[PDB]
């Protein structure tokens, strides 16, 4: 089991309603993309690193790093990326297996 983590900042012109619609859409992909096992998102409330600007976190769960590729190329995901391409300003991506 691997987590695909995204840390993101939206463009300034994007409204809160748009952001919530964006995340709803992303969460709803789980239903239609077999490789996606789970999605959670959240807004940062502490703002400990404002100079960096990142505001939101998204966690997508996969059975393996391998199967992330099946999600990346799935038509529903490609379409999601196309539709919302104007929304994001910058992001960090991480893939890891959570452990103790």
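Positions refer to the first chain, counted from 1.
- When the two stretches 24-32 and 46-54 are set side by side, the higher mean Cα temperature factor goes to 46-54.
- The question of which stretch, 55-63 or 69-77, has the higher mean Cα B factor is settled in favour of 69-77.
- When the C-alpha B factors of 16, 13, 82, 89 are read from the deposited coordinates, the top value falls at 13.
- Residue 4: CA B factor in the lowest third of modelled residues in this chain (values from the PDB entry).
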